[PDB]
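Chemist: Residue numbers (the deposited numbering), protein chains in the order written: chain A, 578 to 1034; chain B, 722 to 769; chain C, 12 to 167; chain D, 50 to 193; chain E, 242 to 481; chain F, 98 to 337; chain G, 50 to 97.
All C-beta atoms in this analysis are idealised placements derived from N, C-alpha and C, irrespective of residue type, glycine included.
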Amino acid sequence: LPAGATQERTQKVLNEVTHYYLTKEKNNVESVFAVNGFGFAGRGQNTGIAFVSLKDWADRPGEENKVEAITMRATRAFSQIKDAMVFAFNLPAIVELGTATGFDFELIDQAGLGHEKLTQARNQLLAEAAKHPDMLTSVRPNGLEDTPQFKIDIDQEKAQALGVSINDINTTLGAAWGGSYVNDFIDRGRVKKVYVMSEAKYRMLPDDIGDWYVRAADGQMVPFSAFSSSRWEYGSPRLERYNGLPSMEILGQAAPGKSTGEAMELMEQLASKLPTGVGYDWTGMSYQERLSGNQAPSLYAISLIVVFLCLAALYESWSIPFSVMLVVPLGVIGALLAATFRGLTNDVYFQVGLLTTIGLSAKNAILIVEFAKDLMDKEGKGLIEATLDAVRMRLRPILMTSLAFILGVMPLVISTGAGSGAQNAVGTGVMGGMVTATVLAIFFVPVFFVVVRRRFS
Amino acid sequence: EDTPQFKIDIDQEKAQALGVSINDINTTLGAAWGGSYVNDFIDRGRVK
Amino acid sequence: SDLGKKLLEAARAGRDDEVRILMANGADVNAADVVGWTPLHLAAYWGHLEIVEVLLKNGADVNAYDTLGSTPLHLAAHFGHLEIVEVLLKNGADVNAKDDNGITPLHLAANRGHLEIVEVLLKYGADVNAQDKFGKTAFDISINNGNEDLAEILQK
Amino acid sequence: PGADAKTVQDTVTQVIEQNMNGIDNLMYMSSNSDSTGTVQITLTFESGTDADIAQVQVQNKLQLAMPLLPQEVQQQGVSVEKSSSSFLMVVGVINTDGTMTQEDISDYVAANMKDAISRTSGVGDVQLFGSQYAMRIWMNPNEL
Amino acid sequence: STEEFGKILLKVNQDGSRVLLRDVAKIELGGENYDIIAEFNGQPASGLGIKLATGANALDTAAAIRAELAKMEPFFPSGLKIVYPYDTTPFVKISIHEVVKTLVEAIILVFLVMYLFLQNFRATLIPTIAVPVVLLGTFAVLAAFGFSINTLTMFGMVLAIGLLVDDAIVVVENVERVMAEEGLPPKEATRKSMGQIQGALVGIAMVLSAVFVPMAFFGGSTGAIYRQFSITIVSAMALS
Amino acid sequence: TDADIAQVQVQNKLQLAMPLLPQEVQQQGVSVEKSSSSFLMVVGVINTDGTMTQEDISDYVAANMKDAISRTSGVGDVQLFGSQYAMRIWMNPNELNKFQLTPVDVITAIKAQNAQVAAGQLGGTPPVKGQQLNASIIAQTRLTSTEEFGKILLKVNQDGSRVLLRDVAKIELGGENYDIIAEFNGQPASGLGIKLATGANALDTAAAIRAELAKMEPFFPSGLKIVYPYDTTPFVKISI
Amino acid sequence: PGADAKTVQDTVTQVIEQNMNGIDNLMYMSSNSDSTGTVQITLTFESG
Ligand SMILES: CC(=O)O[C@H]1C[C@@]2(C)[C@@H](C[C@@H](O)[C@H]3[C@@]4(C)CC[C@@H](O)[C@@H](C)[C@@H]4CC[C@@]32C)/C1=C(\CCC=C(C)C)C(=O)O
Ligand SMILES: CCCCCCCCCCCCO[C@@H]1O[C@H](CO)[C@@H](O[C@H]2O[C@H](CO)[C@@H](O)[C@H](O)[C@H]2O)[C@H](O)[C@H]1O
Ligand SMILES: CCCCCCCCCCCCO[C@@H]1O[C@H](CO)[C@@H](O[C@H]2O[C@H](CO)[C@@H](O)[C@H](O)[C@H]2O)[C@H](O)[C@H]1O
Ligand SMILES: CCCCCCCCCC(=O)OC[C@H](CO)OC(=O)CCCCCCCCC
Ligand SMILES: CCCCCCCCCC[N+](C)(C)[O-]
Ligand SMILES: CCCCCCCCCC[N+](C)(C)[O-]
Ligand SMILES: CCCCCCCCCCCC
Ligand SMILES: CCCCCCCCCC
Ligand SMILES: CCCCCCCCCC
Ligand SMILES: CCCCCCCC
Ligand SMILES: CCCCCC
């Protein structure tokens, strides 16, 4: 709900949200856990969450009754609710990763500018980010905006004049309006807290301030009206800090067809043109990528170098290794085809699948080149004779493993049930890759072996 | 090495006679000549 | 209304082009949030000069008062927005307007030590002898704050 | 309790943050001070850091900063915990016949359910959704 | 008690009447704060957010929690009901079973494929022995690394069966070929067959290690996920 | 000996002693540190434009630099060569006696009138039904300037005249202490004496310190400049 | 100090014991609260 909205206003929206799910989605939704006064963006009366629990996977048949489809209808249905941002969304598989394409930017007060100047600098950065929709999408603050708050100035002179101590004033106000944890008591053999506070009806409105009296030194009761003066100002209901300095967290993500790295480079460029004493830094997933991205080239390099050196030792040859190593794309093309045409992503299950597909195609290729090479070395056969005999001997065991394994992953591909997201991500990239790895390698590996032996004669 | 130091003796009877509390004497002597950290304030956004 | 609250948000953020469009579409200038703040209050507070001028052209109450009796001139005078103070006064802002505490724009301008704004308020006929609920003048504030420059001007 | 964001930040968050020195393998530190009287300071450490050492080192530096916090905050307590979002499960407890408020159920769960679940095999941590009872004195300024 | 707090003496008037705490305030047992209103299908609610301990079995703990709640059932007041809005256990139970089904079916499919081509039951048995020895053995190596049975390590194994199945098929097929082409007895045929491939199999081990082992050395959250797949696939492939 | 466990054991015991220590000693912050006794390096800070005094530079280092260096891994201890600013109330006993006031009156006024008060909310939970308004109540906040401290009202005389704190004391920003004063080649300076944490790598920590110092330099005021008057690490790097 | 066993068990021993859950390698926990107001809570861990 908008800022300054009460618990009761939020409760009314949550009741509509609960009602929709128990009405429109009564075939799917088992329960709605309506938590008023709690949001991840920040605490406060104006926010809430409904944790929707569904019926068993058996009782929700087809794509119409899955968390994808219900999230869509729910968000769309709640579009019309006035004075409320209300949207449904699925949980991430693991909570702590966030999103790929997404970044986590910290805008930092580096020179004691203050809250308001950091707010202006953030608006300036948000404005510039919006002017690059080709590169950055949903560039938003993670925090809360300033809200009306009731500034009350205790007049020290009039307080001393009337003989009312400041401690009696501040305690009266704080205890009544804020509450005061006094001490503990024992309830049925369990230590528990004692709170004093005003009954609701005397701590609701600015008029109620005047109904509170403080006893002076001379025994006369003095209302707050006598020694106080109040006015509305704006102030933060949530002040963020990063590494001990005032900060404002900015979330966002790279626009479609852009890498996170590019989006981050623009955010650094735009941030360099912010006012004096406004720094920035990357946190969470962004800090993680910025360091994990530096690592990749080394590990890709070291992997490729050691593979070559192992094959070089196996074949006793600096050139022959290339005949095996050229198989890599034959597996990867079918994986990318199967993944793209099924509308899946380049996820970790797909990526590790490429290595197993590359490994098994590399394995097949190694035994073709081994048989061919030994026929030339031991039995003095010709390149083409040895190659044609090698691929003949290896055709059966290649087609057997592939036939067994492609049937082995077939259920994971067509799986629609519980945990089907991961099964699809594993199965689709492997099945597709194995079809091309098998089909192409039997025709291409002999080519690679012959072309390489000719080139290095 | 040891060094000259100013020994001051608060006469308890004379204090009780004049109606001056020992807390006020020790706070006055200590705050004035030694210094007293009273509470915190905010200097350009930082607690000091 | 729908546009009333979009004008409240737009006036606060200083989104000049959005206010222009909302002014065309007849968004309520007299729209007020829970504490009783109009767009002109929010423009006067956050120092958005062009929006103050646009809202006044579109018949916004220059002497609108919040739930504690504070006007836009109070906010502009308090937060040192010299151009807005002058524009509000040109469009007939009550220079001697008192909030529920008896605090005038002169008192607030004096307290935060805004010299130019005190001089402008005096030109448009500010009661220098105006007293808050505690009987304090702008002079009393200048003495207590120890602003010697401000003490000279208020001596008449 | 009753504290605005700035009051929390300027008496609690800054004082704690200023005392987070001499802890090993800290990558970064972030904090929220908000108007519900709450502060939350998350210290994130290097991958492969012993979480128990990271937690005791944070706790130890806090204990020495505790005398600098307000009397009200000292009283409530300042909690140092390892950060885990992943729950094994959420057990919900409800009243279907209108006899019990949410505060009534929460007190029952604290007193008669929470501890036995905490003591159950493989249970690493139990969090109560609500609070056990408090003796609430609801003051009346007219009678006062 | 609320009764005792009600009787707290605030002052004694001149006339002699006593001002108690119940005279100036309403004393009730309530919550510590009123910021959250929890509700479950409209009904007032509370609950326990339960977390799994370091090195604990998620399925055991869930079963153990349910046994403890069952013992608390008869002591609940009227209207009190346990509900399970969030529980990862049903999902994990299915995740592990679907992987175990895939590995069992994978070995069954090899039996069928081995019989289709080679067409004798003795040849079909050799992978049916060798593959479960490796899959089972992988768990022991997972225990050496202090790993759990989880979504990553288990899908790590179904990604690997292509490699584990091949090592079995390659050895048996090449013995069956050498016998068919040269007419040697099984013992001599196996000596010659392994003579052809044993150097290549050591080479494939060193090549696959070079592919997978570098996944383990990525840093942060992403690097920790790859390390689950890396140790699992390298371990299964090495035993194979 | 594990320095981590030694710190835990030493501090477990200190925590028993802590409540028996005088309140003034607790409020100065007791510290348990596991560092080398010797300095790894001194990071000096000077103003080349002579725009900032020794006291200004020392306050800048204390307020914008020290904390982040102190938090850096491998930094067992950081000595500030100078003092962070405090609000100094320099009391006059002649002017104090004139208005029948003591340091006890001054301290009580500074506590009463330099206070950050928790004042609760308009329309706070639990609310009445039909509440539309919800806003924080803001009462007294911490004083931010010498002017506001001077403005503190100690006493109102019988004739109505006000005794402010500036009437009985000189008020200024100035060191918590005035004991340490550093020079770099004769010119005004402050700095950080950094001692290496027990078992930490000197070179890696120095690198981390230099990395953190690079992040601050852009946001320095005009004239401020890091100099490196003492560093044990360059010799290690060059000699190897 | 000066609290009886029953009071000390309710306010200290159980409050501490409630939190001693889910520690690594805890075999068993034994504790006593006595008339002098002393608490001892001994946690015994797996061998090694
Ligand atoms: C029947 C079938 O399909 O497989 C069953 C059969 C199954 C593979 C079992 C898991 C596991 O004990 C298996 C081992 C290797 C366990 C170790 C030994 O004792 C073996 C002698 C035993 C043989 C098969 C068995 C008993 C199954 C599971 C997994 C159950 C676990 C979870 C997390 C739900 C399964 O049901 O999926
Ligand atoms: C044929 C190929 C051979 C290689 C494949 C081997 C697969 C091995 C996978 C691990 C299976 C053993 O895993 C073990 O399963 C049992 C029975 O489900 C679980 O048992 C637990 O969950 C089940 C299901 O909720 C409950 O009914 C039971 O009361 C509870 O204790 C154990 O917590 C788990 O540790
Ligand atoms: C820090 C050390 C790291 C080392 C890493 C290097 C890994 C090298 C990859 C493995 C290569 C295997 O190497 C291969 O081994 C076999 C052993 O059976 C050798 O032995 C060979 O000679 C016999 C002689 O009877 C032949 O019948 C047969 O053709 C072959 O086995 C090959 O000449 C060699 O090419
Ligand atoms: C036979 C030659 C070996 C080729 C495979 C070597 C590359 C993998 C190295 C590595 O450890 O990276 C792990 C990486 C982590 O994300 O996993 C992956 O993302 C999968 C590797 C990408 C696809 C490779 C094919 C490229 C075609 C040009
Ligand atoms: C190659 C098989 C070696 C198996 C070694 C098993 C190590 C036991 C480790 C026990 N634990 C999981 C508690 O660490
Ligand atoms: C049975 C062979 C397994 C070899 C796997 C090697 C994993 C290395 C672990 C790397 N790292 C220290 C980052 O975890
Ligand atoms: C990882 C690739 C290394 C490249 C090595 C080149 C060797 C070519 C020599 C061919 C000699 C026949
Ligand atoms: C690090 C890569 C080593 C490759 C050596 C190739 C030698 C070729 C000489 C003909
Ligand atoms: C035999 C293959 C082992 C590869 C080692 C890779 C380690 C990289 C460390 C940065
Ligand atoms: C794909 C399975 C092949 C098995 C055919 C039937 C064997 C008799
Ligand atoms: C003769 C084979 C050696 C293998 C080295 C790992």
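(1) Which stretch, first to last residue, makes up the beta strand (DSSP E) that contains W809(A)?
(2) At what residues does the beta strand (DSSP E) containing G272(F) begin and finish?
(3) Exposed or buried, what is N109(F) when buried is set at 16 or more other beta-carbons lying within 10 Å of its beta-carbon?
(4) Is any heavy atom in ligand 6 found nearer than 7 Å to the beta carbon of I472(E)?
(5) Within 10 angstroms of the Cβ of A651(A), are there 16 or more other Cβ atoms? Answer buried if so, exposed if not.
(6) Using the beta-carbon count (16 or more within 10 Å), is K850(A) buried or exposed?
(7) Confirm, please, whether the CB-CB distance from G1010(A) to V909(A) is below 8 Å.
(8) So, under 8 Å CB-CB, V759(B) and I204(F) are touching, yes? Tell me the CB distance rounded to an integer number of Å.
(9) Taking 7 Å as the cut-off, is the beta-carbon of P373(E) closer than that to any non-hydrogen atom of ligand 2?
(10) Please classify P318(E): is it buried, with 16 or more other beta-carbons within 10 angstroms of its beta-carbon, or exposed?
(11) List the residues of chain E whose Cβ lies closer than 9 Å to the Cβ of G51(D), in chain order.
(12) Please name the residue in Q213(F), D153(F), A232(F) whose C-alpha comes closest to that of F762(B).
(13) Kindly indicate if chain A contains any beta-carbon less than 8 Å away from that of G766(B).
(14) With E61(C) as the anchor, note down where its alpha helix (DSSP H) starts and where it stops.
(15) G86(G) touches chain I at which residues, Cβ-Cβ below 8 Å?
(16) What is the DSSP secondary structure of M798(A), counted as helix, strand or coil?
(17) So what does DSSP say about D28(C), is it helix, strand or coil?
(18) Using 8 Å as the limit for Cβ to Cβ distance, is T222(F) near chain A?
(19) Can you tell me whether DSSP reads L684(A) as helix, strand or coil?
(20) Let me confirm a value: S656(A) is counted as buried when at least 16 other C-beta atoms fall within 10 Å, else exposed. Which label applies?
(21) For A939(A), collect the residues of the same chain with a Cβ closer than 7 Å to its Cβ; drop the 5 residues on either side in sequence, then sort them by chain order.
(22) With a threshold of 7 Å, establish whether the CB of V351(E) neighbours any heavy atom of ligand 11.
(23) Closer than 7 Å, Cβ to any Cβ of chain D: which residues of the segment 57-69 of chain G, in chain order?
(24) Counting only beta-carbon separations shorter than 8 Å, does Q701(A) have a partner in chain F?
(25) Taking any Cβ of chain A, which residues in the segment 276-290 of chain E have a Cβ under 9 Å from it, in chain order?
(26) Identify the continuous beta strand (DSSP E) that holds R818(A) and give its terminal residues.
(27) In whole angstroms, give me the CA-to-CA distance for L989(A) and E346(E).
(28) Please state whether DSSP places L886(A) in a helix, a strand or coil.
(29) According to DSSP, is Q213(F) part of a helix, a strand, or is it coil?
(30) Have a look at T145(F), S170(F), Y157(F), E130(F) and flag the residue whose alpha-carbon is nearest the alpha-carbon of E95(D).
(31) Could you have a look at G936(A) and say whether DSSP puts it in helix, strand or coil?
(32) Are the segment 280-298 of chain E and the segment 131-140 of chain D touching, with three or more C-beta to C-beta distances below 8 Å?
(33) By DSSP, does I729(A) sit in helix, in strand, or in coil?
(34) What's the call for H92(C), buried or exposed, on a 16-neighbour Cβ count within 10 Å?
(35) Give a yes or no on whether the minimum CB-CB distance between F150(C) and chain A is below 8 Å.
(36) For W895(A), does the count of other Cβ atoms within 10 angstroms reach 16, so buried, or fall short, so exposed?
Modeler: If we stick to the structure as given:
(1) Taking the first sequence and counting its residues from 1, the one referred to as residue 809(A) is at position 232. From DSSP, the beta strand (DSSP E) with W809(A) extends over 805-812.
(2) The residue you call residue 272(F) lines up with position 175 of the sixth sequence. It spans 266-272 - the beta strand (DSSP E) in which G272(F) sits, taken as one unbroken run.
(3) For the purposes of this step, residue 109(F) is identified with residue 12 of the sixth sequence, where counting begins at 1. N109(F) counts as exposed, since fewer than 16 other beta carbons sit within 10 angstroms of its beta carbon.
(4) Within the fifth sequence, residue 472(E) is the residue found at index 231, counting from 1. Relative to ligand 6, the nearest heavy atom lies less than 7 Å away from the CB of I472(E).
(5) By 1-based counting over the first sequence, the position of residue 651(A) is 74. For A651(A), the number of other beta carbons within 10 angstroms of its own is at least 16, and it is reported as buried.
(6) Translated into the one-based positions of the first sequence, residue 850(A) becomes position 273. By the 10 Å Cβ count, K850(A) comes out exposed.
(7) Position 332 of the first sequence, counted from the first residue, corresponds to residue 909(A). Position 433 of the first sequence, counted from the first residue, corresponds to residue 1010(A). Yes; because the gap between Cβ atoms is below 8 Å, this pair is in contact.
(8) Translated into positions along the second sequence, residue 759(B) becomes position 38. Translated into positions along the sixth sequence, residue 204(F) becomes position 107. Indeed they touch by this definition, with Cβ atoms about 5 Å apart.
(9) Along the fifth sequence, one-based indexing puts residue 373(E) at 132. For ligand 2, a non-hydrogen atom lies closer than 7 Å to the CB of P373(E).
(10) Taking the fifth sequence and counting its residues from 1, the one referred to as residue 318(E) is at position 77. By the neighbour-count rule (16 or more Cβ atoms within 10 Å), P318(E) is not buried but exposed.
(11) By one-based count along the fourth sequence, residue 51(D) stands at place 2. Ordered by position in chain E, no residue passes the 9 Å Cβ test against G51(D), which lies about 11 Å from the chain.
(12) Position 41 of the second sequence holds residue 762(B). Ranking the options by Cα distance to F762(B), first place goes to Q213(F).
(13) Numbered from its first residue, the second sequence carries residue 766(B) at position 45. At least one CB atom of chain A sits nearer than 8 Å to the CB of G766(B).
(14) Counted from its first residue, the third sequence places residue 61(C) at position 50. Per DSSP, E61(C) belongs to the alpha helix (DSSP H) from 60-68.
(15) Any reference to chain I falls outside this structure, whose protein chains are A, B, C, D, E, F and G.
(16) What you label residue 798(A) is simply residue 221 of the first sequence in a count that begins at 1. In this structure, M798(A) counts as strand in the three-state DSSP scheme.
(17) Here the question's residue 28(C) lines up with position 17 in the third sequence. DSSP places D28(C) in helix when its eight states are reduced to three.
(18) Within the sixth sequence, the letter at position 125 stands for residue 222(F). Closer than 8 Å: yes.
(19) Numbered from its first residue, the first sequence carries residue 684(A) at position 107. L684(A) falls in the strand class under three-state DSSP.
(20) On the first sequence, position 79 is the one that residue 656(A) refers to. Taking every protein chain shown into account, the CB of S656(A) has fewer than 16 other CB atoms within 10 angstroms, so this residue is exposed.
(21) Position 362 of the first sequence, counting from 1, holds the residue named residue 939(A). The answer, listed in chain order, is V901, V904.
(22) To locate residue 351(E), count along the fifth sequence from 1; it is residue 110. Answer for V351(E): no, Cβ out of range of ligand 11.
(23) From the segment 57-69 of chain G, only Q67 have a Cβ closer than 7 Å to chain D.
(24) Along the first sequence, read from residue 1 onward, the residue named residue 701(A) stands at position 124. Chain F, which has no Cβ nearer than 8 Å to the Cβ of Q701(A), makes this no.
(25) Among the residues of the segment 276-290 of chain E, those with a Cβ less than 9 Å away from any Cβ of chain A are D276, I277, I278, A279, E280, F281, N282, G283, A286, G288, in the order of the chain.
(26) Your numbering for residue 818(A) matches position 241 in the first sequence. Segment 815-819, the beta strand (DSSP E) holding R818(A).
(27) Stepping through the first sequence from its first residue, residue 989(A) is reached at position 412. Stepping through the fifth sequence from its first residue, residue 346(E) is reached at position 105. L989(A) and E346(E): Cα-Cα distance of roughly 12 Å.
(28) On the first sequence, position 309 is the one that residue 886(A) refers to. DSSP places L886(A) in helix when its eight states are reduced to three.
(29) For the purposes of this step, residue 213(F) is identified with residue 116 of the sixth sequence, where counting begins at 1. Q213(F): coil per DSSP, three-state reduction.
(30) For the purposes of this step, residue 95(D) is identified with residue 46 of the fourth sequence, where counting begins at 1. The residue with the shortest Cα to Cα distance from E95(D) is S170(F).
(31) Here residue 936(A) is taken as the residue at index 359 of the first sequence, counted from 1. Helix, per DSSP.
(32) Enough Cβ pairs lie closer than 8 Å, so yes.
(33) Your numbering for residue 729(A) matches position 152 in the first sequence. It is a strand residue.
(34) The residue given as residue 92(C) occupies position 81 in the third sequence. It is buried - the Cβ of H92(C) has at least 16 other Cβ atoms within 10 Å.
(35) Residue numbering aside, residue 150(C) sits at position 139 when the third sequence is read from its first letter. False, the Cβ-Cβ gap to chain A never drops below 8 Å.
(36) Locating residue 895(A) in the first sequence gives position 318, where the first residue counts as 1. Only exposed fits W895(A), as fewer than 16 other CB atoms lie within 10 angstroms of its CB.
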